[PDB]
Amino acid sequence: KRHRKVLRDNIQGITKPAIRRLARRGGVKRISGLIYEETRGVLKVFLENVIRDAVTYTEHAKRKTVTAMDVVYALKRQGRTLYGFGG
Amino acid sequence: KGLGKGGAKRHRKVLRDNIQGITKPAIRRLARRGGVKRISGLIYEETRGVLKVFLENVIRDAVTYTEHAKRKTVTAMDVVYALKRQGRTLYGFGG
Amino acid sequence: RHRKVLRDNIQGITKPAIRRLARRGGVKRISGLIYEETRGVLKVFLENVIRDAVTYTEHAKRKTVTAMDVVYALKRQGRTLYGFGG
Amino acid sequence: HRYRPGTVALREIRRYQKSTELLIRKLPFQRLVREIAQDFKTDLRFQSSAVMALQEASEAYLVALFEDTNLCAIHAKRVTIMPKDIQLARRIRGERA
Amino acid sequence: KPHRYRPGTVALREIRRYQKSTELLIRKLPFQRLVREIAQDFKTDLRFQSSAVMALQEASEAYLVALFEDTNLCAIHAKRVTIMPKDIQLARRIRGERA
Amino acid sequence: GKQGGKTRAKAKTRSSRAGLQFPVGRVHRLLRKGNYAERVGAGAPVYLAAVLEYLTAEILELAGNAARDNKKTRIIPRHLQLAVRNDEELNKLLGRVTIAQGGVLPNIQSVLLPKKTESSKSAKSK
Amino acid sequence: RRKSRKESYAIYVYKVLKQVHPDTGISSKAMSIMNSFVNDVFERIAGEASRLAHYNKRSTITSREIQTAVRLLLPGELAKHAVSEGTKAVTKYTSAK
DNA sequence: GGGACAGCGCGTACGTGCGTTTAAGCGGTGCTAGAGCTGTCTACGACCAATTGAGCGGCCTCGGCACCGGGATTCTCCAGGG
DNA sequence: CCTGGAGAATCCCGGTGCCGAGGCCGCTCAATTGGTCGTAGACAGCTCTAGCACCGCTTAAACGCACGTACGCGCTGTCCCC
């Protein structure tokens, strides 16, 4: 395989009602058009930063698959801790 | 013009003036240091409450650290530990 | 006060540089997306040639790359350059 | 002669930023620091360094808060900063926790 | 109007300059840094003779101009005066330079 | 290690062998005092001292650069604060860290200027 | 006996400052800022190195953990430069003697 | 406090398309099922650091005083008035 | 025209020099052990093929959910003395 090299292609097509449900979960009632693009960007930026610790932990263990334990170590480092997926 | 004429006070401390000593100009300079153009009249009483809460949280750990050391003096090392845990770590007091 | 490690390495080929080469082809105006693409196609073209050029230089056991190695790289790639000869 | 409102504020903005000083008066702060710790522990002694350290953290925390509340005011259309901005800033920054 | 030459017509004046003159249309020093930079990825600790850099530029000038000339025929076929990266990507594929 | 020779007292300091400035023996002296781990290898004290030196040198160089702009040959904590709050990579670190007797950068917003929602002005930096 | 040793990095910081800038002085008050900055960063890196060993069932600390800790703390340019400085230090040690 | 002052906060009537189920058909990514070696920490032996204190002598810092640049008035021009 | 900040001559901050102090950084040996380099024997995870009904994904679209537009005050901003 390995036919894909550049990351120009984007597969980040987050669904609009999913954003509406996420927004309405937090108490939002009127969502504008420009909100959707940055909502994906905020998720992308958050995912980019948390994954930086995950790869560093994974490479230290010489692993090929990221385990849930490594995610908890990465997540708890950034202040956002998840319970039930590690320990 | 002569004498107090109204509002004069010659009663310093005596279980008072501890938190009211941060007068309006004192709050203004702190606001100007961060950068403001105009502040409401309600910000003065709110600022005193905001400052007290931050001081209370830090001093609560500091006295706890002091008691564990079996000493009566409170040093800059005790308070900086409270700030470090809270996240507002302060440099320049390491000795 | 100071900016970081480097700049203008690949962005040094600004709009006039592409436009002058565009005016060489006869065209009048371009879309805005060519400038990023022209830098990209330049990068892959140089990488193909420079990979061949350094390969000759390594075989010569020297730290300097001469035009002879570049000509050999270009001649084999179908982009033979008759200039800069002996 | 007479400085219209807002004229001196801009000058004072450009002055306090480049200065190195403590904006809380020294004597009232010592009394405040002793009193709050007095109820927690009765017999206490305070070093001069601790008082200086507490003031710097308290001032910088308020200064940092003022910057955020200033950006809370620009979110609205009012130059003035109301308690609406401070309370909202505390919740977002996690202070009310 | 302040005697502004038409944006379409300014090309024609620029046409006659490049169609009559022989020159190099890429800045030398920025190209010098770029050529030295791409070397580090493949082979570090390398020097570069001035003739080698100029020869690399000469290939680049002919590479892009030939690309520009052929892409113009792609635009003339697409009913649009302007060339587009749509045509350039096609031009690389047909010329065999895409892969 | 069969090293009986001319010198048996002190050949070189462990940090002085490579040429470092911050000593590495002191780092290894009380490394196990803090209960980080046991059986610390030789690589960690050398790596930790070097990265600390790089961080220390960079701040000092930038502080000196800020000092020159202020016509001062002494590094006042204001100079250190300017260096910290001038790089995005340095901005993430010490985000909420307080510097004693330091300062804050002279920032201003557009609407504070006399012209409402406008900050054109004339030649003033930032 | 006032022999109590205070592990202060002021002398080492001063020597580094002198090497990069012989003509630039350092204030006495500003020395404590660097001394506390070094201690805080030292605890941060050492704390990360300790956690890595516990997670990986390792009872030893070497240059790999510090390099992992540096990448987990410093951002892009800072990490790659610190790693380069850190990598050069261990390699020179094996041959310096 | 007391008027003008500029948008944008609701809600119309109407187009534009993406959304969650429903059969069904060739695959994916962990668990085993095995072994051969790397990592990883146990014993040795003549010593290597780097730590702990002590006499001597030569060196570094706040003080003051000359400068040259920053704080004050008195005119020069960019700000709404004729 | 004053407004309210900026420039060249007087005045306040960083510098240099010399003294005895008494601890610090630089070597200096002692003594049992202790990490890195070789082997040990045991099981864990990483790649590639299997079973049989799930799961995600795209168009079939015509009623209702909100940003653009005009109105209306209604709150706030600033200028003026003690």
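What you see of chain A is 17-103, where the numbers are those given in Swiss-Prot.
Recorded method for this deposit: electron microscopy, 3.6 Å.
Cβ atoms here come from the backbone N, Cα and C positions, even for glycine.
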*In Swiss-Prot, which of A:17-21, A:72-76 is labelled DNA-binding region?*
A:17-21
*Do you know the DSSP helix, strand and coil residue counts for the DNA-binding region (A:17-21)?*
0 helix, 0 strand, 5 coil
*asked:* Using a 10 Å cut-off on CB atoms, tell me which of the modified residues A:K17, A:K32, A:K45, A:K60 is the least crowded.
replied: A:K17
*Let me know the most crowded of the modified residues, choosing from A:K78, A:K80, A:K92 and counting other Cβ atoms within 10 Å.*
A:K92
*Long-range same-chain neighbours of A:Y52 (phosphotyrosine), Cβ under 8 Å, sequence gap at least 6?*
A:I30, A:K32, A:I35
*Which modified residues (A:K17, A:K60, A:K78, A:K80, A:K92) come close to chain C, taking a Cβ gap under 8 Å as close?*
none
